[PDB]
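Coming up are structure 1 and structure 2: the same protein chain in two forms, each one given alone as structure tokens.
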Structure 1
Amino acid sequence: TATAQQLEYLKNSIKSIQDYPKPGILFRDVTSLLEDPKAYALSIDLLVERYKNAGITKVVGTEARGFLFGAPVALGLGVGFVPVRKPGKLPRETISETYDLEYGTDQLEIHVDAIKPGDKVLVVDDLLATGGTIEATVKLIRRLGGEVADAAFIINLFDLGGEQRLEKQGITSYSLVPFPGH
């Protein structure tokens, strides 16, 4: 759907920083896109347009960069936003999922009352790398009886194989900006 001029504007809006966080890493920085009101609005409008007819009842966004894309997408779809958070940050009853980091593991939590049977959920995050956090988030949603088949991202690091990993869990990914490298 989106024009060359639009996709090139979004790809050009994202700074890449060599040797962050360590030598030999090319970091894709979405904060330059957030600072540009044309790039930020275009990115939210394109994600909303993709899902306007999917019957989404809830958007789930991952802490913390995913909040910046999932919450505007919730408002554009006319639905509730549910955060999945690092441990200890949600105040009411939660469930937890563990996922791999580059170094060791960590947890994501969700409020148990945030998703129920008959919900259809979209997961939104800034960037698809391993897809570890998304696999964890999908497991939280399904444990509460929610349906999820869709994840949406600004950036797709397509050399890291996150998309095929999610396809095997029944998730279709939509991404605006593909970048090579790992």
Structure 2
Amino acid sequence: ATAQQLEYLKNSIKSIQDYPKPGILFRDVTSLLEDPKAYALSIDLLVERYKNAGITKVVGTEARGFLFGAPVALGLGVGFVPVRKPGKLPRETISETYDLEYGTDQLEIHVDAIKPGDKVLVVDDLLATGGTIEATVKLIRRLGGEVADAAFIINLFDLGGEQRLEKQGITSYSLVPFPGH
């Protein structure tokens, strides 16, 4: 990306000081979604990064993930595979648990959606702890998918997510870096 493209994307994102709490600056991708140029540019740069990488499927987690994975799948000309909250997918699934503050949640994937020989790109809005992406990489590999790549609009470089994913053999590509926890 050019410095002009990267600053336009940074400037398209609203930061809500002390949302959802004091000291937390929420990075709001909805202002990017509503801007024709910023949204298109975010998708075009991700497609350009992966066009030669032999990607055969794009995975996006529910729900903001869908907004960036699905357009990147269409731009690469490959299928889109949703990873969802429990009880929403209708065919055979597998499930992975990830930790939150005061408990856990689960993500599910269709078992038939990823096959051995598939090379998968994960795409999400924002890299924070990386917990959800770590669980998504576990789902993909349980299905025999190869995954080495995760792409983000925003990376919160203070929260350790990139290094967490590197422990799984994931290289992260992020358009907009922001500080804050």
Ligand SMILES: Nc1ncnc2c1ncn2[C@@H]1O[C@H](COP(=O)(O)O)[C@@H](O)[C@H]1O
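Here the rigid core means the biggest group of C-alpha atoms that line up within 1.5 Å when the two forms are laid on top of each other. Quick note, the numbers are simply positions in structure 1, starting from 1.
**Q** Which number goes with the form solved without ligand AMP?
**A** The chain shown second - structure 2 - is the form that fits the description.
**Q** After fitting the core, how far does the CA of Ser173 move between structure 1 and structure 2, in Å?
**A** Its C-alpha position differs by 0.3 Å.
**Q** So if we fit the rigid core, how much does the CA of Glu102 shift between structure 1 and structure 2, in Å?
**A** So the C-alpha of this residue moves 3.2 Å.
**Q** May I ask for the C-alpha shift of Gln18 between structure 1 and structure 2, in Å, based on superposition of the rigid core?
**A** A shift of 1.2 Å.
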